[PDB]
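A quick write-up on the structure given underneath.
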Amino acid sequence: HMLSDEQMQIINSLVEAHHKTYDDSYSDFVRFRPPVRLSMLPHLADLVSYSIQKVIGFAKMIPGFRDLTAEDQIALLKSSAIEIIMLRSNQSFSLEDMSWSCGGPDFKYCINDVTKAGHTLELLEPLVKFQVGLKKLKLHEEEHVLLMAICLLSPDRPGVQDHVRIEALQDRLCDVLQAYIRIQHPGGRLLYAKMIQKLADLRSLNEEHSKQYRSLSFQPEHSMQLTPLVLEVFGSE
Amino acid sequence: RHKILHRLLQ
Ligand SMILES: C=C1/C(=C\C=C(/CCCCCC(C)(C)O)c2cccc(CCCCCC(C)(C)O)c2)C[C@@H](O)C[C@@H]1O
């Protein structure tokens with residue numbers, strides 16, 4: 001009926017982590033290659049490459065992520081990076097616009113540019129649908145931060161080797177999220193399952209994106225537009 | 001093999 005102290009340390013260090021690695025001013029967006037309206041590809045690669053760096057910064061501040069082997073950390077990041085970027089982008093996704101909004105009109109990304117960044121509606125139809133789903137949950141930032149850490153800490157990812165230890169961590173995070181909803185979220189009494197439902201949605205979007213990324217990365221005139229981080233993280237090594 | 005990632009993970 002009440003969160004323990006360690007349960008609320010986990011919450012506190014996770015909210016601090018997110019506040020350090022997400023910037024609501026989006027002022028750093030002016031250092032990317034500008035968007036042109038595959039004319040959107042260079043600005044998207046830059047956007048995603050920057051975001052991957054945030055996710056790594058966030059991951060390093062999750063209690064005990066750092067204590068995994070460097071290999072397990074890489075395996076988790078390589079499989080879960082795109083899911084975490086889809087997750088955190090909810091903070092810039094607007095329901096009135098049905099777009100993401102990270103600046104003036106130039107950092108407003110709409111979906112009609114989908115084919116301009118080398119993707120199809122087969123990815124952006126479910127993604128947008130996911131994004132309004134997640135927005136309707138109207139999450140406290142505690143819950144939003146908790147889902148990213150749980151998403152990152154999935155033992156069922158390709159490459160993981162110590163899927164006991166990281167399942168324990170993921171368990172400790174769900175006990176917090178389960179309890180947070182019970183104690184702190186009014187009308188939070190089926191929100192956990194809905195949230196876990198969103199995790200499985202991600203694995204489906206992940207897949208679609210990984211299939212479409214393969215088509216890009218295999219045409220060198222397109223893969224030359226990506227950054228080295230993107231190529232290493234979404235690569236297959 | 002993941003030169004950048006290792007670097008970023010300190
Ligand atoms: C990255 C984030 C912010 C939005 C996150 C988006 C916004 C999409 C706009 C695109 C709509 C257009 C302009 C085409 O019409 C996003 C997240 C996950 C997955 C995807 C699918 C496309 C990704 C392509 C990656 C490559 C090409 C390397 O395969 C997009 C903004 C802010 O929330 C910071 C956050 O981290």
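Chain labels run A, B, ... following the order of the structure tokens; each chain numbers its residues from 1, and ligands are numbered from 1 in the order shown.
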
Selection as a count of residues only: residues within 6 Å of ligand 1 by only C-alpha atoms and all ligand atoms: 20

Check: which chain A residues lie within 9 Å of chain B using only C-alpha atoms, as a PyMOL selection string: chain A and resi 53+56-57+60+66+70-71+73-74+228-229+232-233+237

Keeping only N, CA, C and O atoms, write the selected residues to a file as a short mmCIF file (atom, residue, chain, number, x, y, z; two decimals), in the first residue's frame.
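Dumped everything to out.cif:
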```
data_model
loop_
_atom_site.label_atom_id
_atom_site.label_comp_id
_atom_site.auth_asym_id
_atom_site.auth_seq_id
_atom_site.Cartn_x
_atom_site.Cartn_y
_atom_site.Cartn_z
N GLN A 53 22.52 8.70 -28.86
CA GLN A 53 23.48 9.11 -27.85
C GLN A 53 22.80 9.43 -26.53
O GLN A 53 23.38 9.22 -25.46
N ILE A 56 21.90 6.04 -24.75
CA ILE A 56 23.08 5.50 -24.08
C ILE A 56 23.36 6.26 -22.80
O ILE A 56 23.75 5.67 -21.78
N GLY A 57 23.19 7.59 -22.82
CA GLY A 57 23.38 8.36 -21.60
C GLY A 57 22.36 8.00 -20.54
O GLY A 57 22.69 7.89 -19.35
N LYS A 60 23.06 4.44 -19.03
CA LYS A 60 24.17 4.39 -18.09
C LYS A 60 23.77 4.81 -16.69
O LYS A 60 24.50 4.53 -15.73
N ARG A 66 25.10 -0.28 -15.60
CA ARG A 66 26.54 -0.13 -15.79
C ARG A 66 27.28 -1.37 -15.34
O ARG A 66 28.37 -1.66 -15.85
N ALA A 70 30.21 -5.18 -20.74
CA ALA A 70 30.05 -4.24 -21.85
C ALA A 70 29.37 -4.90 -23.03
O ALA A 70 28.73 -4.21 -23.84
N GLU A 71 29.49 -6.22 -23.13
CA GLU A 71 28.84 -6.93 -24.23
C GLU A 71 27.34 -6.95 -24.05
O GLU A 71 26.59 -6.67 -24.98
N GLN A 73 25.62 -4.82 -22.39
CA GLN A 73 25.12 -3.47 -22.60
C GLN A 73 24.97 -3.17 -24.09
O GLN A 73 23.99 -2.54 -24.50
N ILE A 74 25.91 -3.64 -24.90
CA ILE A 74 25.84 -3.37 -26.33
C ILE A 74 24.67 -4.13 -26.95
O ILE A 74 23.91 -3.58 -27.75
N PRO A 228 27.95 7.35 -38.68
CA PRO A 228 28.63 6.11 -38.23
C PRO A 228 27.97 5.44 -37.03
O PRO A 228 27.95 4.21 -36.94
N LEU A 229 27.43 6.22 -36.09
CA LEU A 229 26.74 5.64 -34.94
C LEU A 229 25.53 4.81 -35.37
O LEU A 229 25.40 3.64 -35.00
N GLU A 232 26.58 1.56 -36.91
CA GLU A 232 27.12 0.61 -35.95
C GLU A 232 26.01 0.03 -35.07
O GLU A 232 25.96 -1.18 -34.82
N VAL A 233 25.07 0.88 -34.65
CA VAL A 233 24.02 0.47 -33.73
C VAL A 233 22.93 -0.31 -34.46
O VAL A 233 22.49 -1.37 -33.98
N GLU A 237 26.40 -6.64 -36.28
CA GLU A 237 27.68 -7.18 -35.85
C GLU A 237 27.66 -7.49 -34.35
O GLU A 237 27.55 -8.66 -33.94
#
```

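Counting only C-alpha atoms, the residue from A:164, A:134, A:200, A:146 that sits nearest to residue A:12 is A:146.
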
Two-atom distance - atom CA of residue A:122, atom CA of residue A:209 (Å):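 Atom-to-atom, atom CA of residue A:122 to atom CA of residue A:209, that is 9.1 Å.
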
Using only C-alpha atoms: which of A:83, A:28, A:6, A:72 has the shortest distance to residue A:205: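 Residue with the minimum atom-to-atom distance to residue A:205: A:83.
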
Near-residue A:36 list (10 Å; only C-alpha atoms; drop same-chain fewer than 3 positions) as a count of residues only: 10

Members of stretch 54-209 of chain A assigned strand (DSSP E) by DSSP, as a list in words: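 Here are the strand (DSSP E) residues of stretch 54-209 of chain A: residues 93, 94, 99, 100, 101, 108 and 109 of chain A.
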
Among listed residues A:140, A:115, A:161, A:32, nearest residue A:184 (using only C-alpha atoms):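 Of A:140, A:115, A:161, A:32, the one nearest residue A:184 is A:140, counting only C-alpha atoms.
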
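Counting from atom CA of residue A:102, the distance to atom CA of residue A:226 is 20.8 Å.
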